[PDB]
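J.: an experimental structure, sequence included, is below.
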Amino acid sequence: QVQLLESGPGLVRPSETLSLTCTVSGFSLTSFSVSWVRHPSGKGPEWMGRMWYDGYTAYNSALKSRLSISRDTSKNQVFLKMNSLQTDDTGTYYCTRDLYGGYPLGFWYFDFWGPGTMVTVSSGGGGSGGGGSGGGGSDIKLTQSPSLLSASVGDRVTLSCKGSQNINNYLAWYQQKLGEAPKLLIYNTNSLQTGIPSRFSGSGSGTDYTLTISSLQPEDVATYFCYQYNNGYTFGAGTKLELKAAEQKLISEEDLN
Amino acid sequence: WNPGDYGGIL
């Protein structure tokens, strides 16, 4: 077994420091480099950073001088120390293992996402709530068209990812199902993960990239995030199903990726 | 962004 246990307290106070600790039962830390990803309560996936194979901490342009990765390779622990805590950082915090172990050439990217530690960085608030009728918000920047859609079992539907800056060919498509961590579906635009047949076709070049969901089975009702790796390192908007006979609430929680 | 996230791609 290879088990990535990212540790967090449930509730933490703004202003101070949060040490998110990935205790890994399986691999030694220099082999399959750990990547850190936050998904907040009504916002979407931001990539925070990666400490790579020899020892380099690479980071997000907005979350840059807040983040300090130390690591104990004898105890199996990666320590993301998040300094100067802000009131909107309530979220499920992920640690993700690499597919390549030490060797870089033609980079395959990511396999084992840990379970997501739900840490409320907010002293009385969080995101959206109330009392029975109270809960609803989702606002993110990177243009995936159509993100809100209405497709049934059998129907072919194409998700067109237009990037905010130019990508060349460098995009991994990540399928998040209801109750799941984001699963790697197709890497480098059009190269499928060893395991999945020729059915989800991610096709394009430069800025606009087309994921055709061809034979739509019940497993295909999911959120398909574009991880662009050329200018920045951002996961984009994804996909959601709009329920017409329900409480349709959209509180404007602004995520800039 | 950095040599680190840029591993073996371009």
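T.: All right, it came through fine. Numbering: from 1, shown residues only, chains lettered A, B, ... in the order given.
J.: could you use CA atoms for every contact and neighbour count after this?
T.: Will do.
J.: could you chop chain A up by domain?
T.: A:1-123, A:124-222 (curated CATH domains).
J.: possible to save these as a markdown table with mean neighbour count and distance to residue A:257?
T.: Converted to a markdown table, the domains of chain A look like this (neighbours: other Cα atoms under 10 Å in any protein chain shown; distance: least, Cα to Cα, whole Å):
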| stretch | mean neighbour count | distance to residue A:257 |
| --- | --- | --- |
| domain A:1-123 | 18 | 7 |
| domain A:124-222 | 16 | 5 |
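J.: which one of these lies closest to residue B:4?
T.: The closest of the domains of chain A to residue B:4 is domain A:1-123. By Cα to Cα, the value is 5.4 Å.
J.: quick one: distance of that closest one to the chain centre.
T.: 11 Å (Cα atoms, centre = their mean, to the nearest Å).
J.: end-to-end on it?
T.: Distance between the boundary residues of domain A:1-123 (Cα to Cα, to the nearest Å) amounts to 38 Å.
J.: and it, is it in reach of chain B?
T.: Yes - contact of domain A:1-123 with chain B (Cα under 8 Å from any Cα of the partner chain) involves A:49-52, A:56-61, A:104-107.
J.: just the residues you listed: which are in strands?
T.: A:49, A:50, A:51, A:57, A:58, A:59 (DSSP state E).
J.: chain B: strands as residue ranges?
T.: Under DSSP E, chain B gives no strands.
J.: let me see the backbone angles for the residue in chain B that chain A sits nearest to.
T.: For chain B and chain A, the shortest gap (Cα to the nearest Cα) falls at residue B:8, measuring 4.6 Å. Residue B:8 adopts backbone torsions of phi -150, psi 70, taken as degrees, to the nearest 10.
J.: correct me, but it touches residue A:109?
T.: No - in this structure, residue B:8 is not within contact of residue A:109 by Cα atoms under 8 Å, at 10.0 Å.
J.: residue A:19 belongs to a strand?
T.: Yes - using DSSP: H, G, I helix; E, B strand; the rest coil, the assignment for residue A:19 is a strand.
J.: what's the nearest residue to it once chain neighbours are set aside sitting at in phi/psi?
T.: Distances taken as Cα to Cα, 6 or more residues apart in numbering or on different chains put residue A:81 closest to residue A:19, at 4.2 Å, once the chain neighbours are dropped. With angles defined as degrees, to the nearest 10, residue A:81 sits at phi -90, psi 100.
J.: which strand residues sit across from residue A:81 in the sheet?
T.: Residue A:81 forms beta bridges with residue A:19, residue A:68, as assigned by DSSP bridges.
J.: that one and chain B: what is the separation?
T.: Noted for residue A:81: a distance of 19 Å to chain B, by Cα to the nearest Cα, to the nearest Å.
J.: next, the contact list for residue 4, please.
T.: Picking chain A for this. Applying Cα atoms under 8 Å, 6 or more residues apart in numbering or on different chains, we find residue A:4 in contact with A:22, A:23, A:24, A:25, A:95, A:96, A:97, A:112, A:113, A:114, A:115.
J.: please refer instead to chain B.
T.: Applying Cα under 8 Å, 6+ apart, we find residue B:4 in contact with A:50, A:51, A:52, A:56, A:57, A:58.
J.: contacting residues for the residue nearest to residue A:19?
T.: Contacts of residue A:81 by Cα under 8 Å, 6+ apart are A:17, A:18, A:19, A:20, A:67, A:68, A:69, A:70.
J.: try 10 Å
T.: Contacts of residue A:81 were listed using Cα atoms under 10 Å, 6 or more residues apart in numbering or on different chains, and they are A:17, A:18, A:19, A:20, A:21, A:66, A:67, A:68, A:69, A:70.
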